[PDB]
Every structure is written in C-alpha cells, then in structure tokens.
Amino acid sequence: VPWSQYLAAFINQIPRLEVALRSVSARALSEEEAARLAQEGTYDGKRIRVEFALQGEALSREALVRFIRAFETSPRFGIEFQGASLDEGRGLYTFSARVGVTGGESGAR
C-alpha cells in the first residue's frame, strides 16, 4: 500500500492550496540516531523522535518559504529543507524536506 501518497492526498483535502504534498513518509529514530542528529546540529539540536519525509509542490517561492518557516518557529519541530526545483510545465516548485518532531508524545500502553 503506497501509504505516503494516501497520507499526502488526505492532508491536501483538509480545507484551508499553495503547498500540496505528494508523499508523506514517517519513521521513528533510534536513540543513537537521535543522538547523532542532535549533535550534528540538525533540527537545531532538538531531540527528535519522529521524522516525516516530505515531497511536495508549491505554487510560489514565497508559499514554500512560509511553509518552511512554520516548522522553524516551534520548540516541538525542526525542518531540514532538502531542495526545490522549478517545474515550468506546471508553473510551480517541487520540493523536498524532512520534518522532525520532538519525542515525548504519550499514548495508551
């Protein structure tokens, strides 16, 4: 099941579309990997538990910049902007990014 695409389609349907997602893929980090990343300075040294790898499309440069910034201003998120490309056939930018979320979420167990 192409989960990443279903999750993207579901997120794009939520009414507000300047930034649409193509794929949203989640993984949990080992404590060792989280340790390495915090020390490497990625995600501003926050202790990330979960990473969402994103591929998306932005109708303008400025919409992409707002999207990236939203994940920089929170104590619970970090973002690594991996890249963007102009798509002249569709008049938009494709882009990729990894969003880290700090550990400590609780669930029943």
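The first residue of the sequence shown is number 1, and the count goes up from there.
Gap check for residue 16 to residue 17: 4 to 9 deposited residues are absent from the model. Checked against the record, the higher mean CA B factor of 33-41 and 73-81 lies with 33-41. Just going by the entry, 95-103 versus 21-29 on mean CA temperature factor gives the higher value to 21-29.
Residue-level temperature factors show residue 1 in the highest third of its chain, judged at the C-alpha atom. Per-chain ranking of the deposited C-alpha B factor places residue 59 in the middle third.
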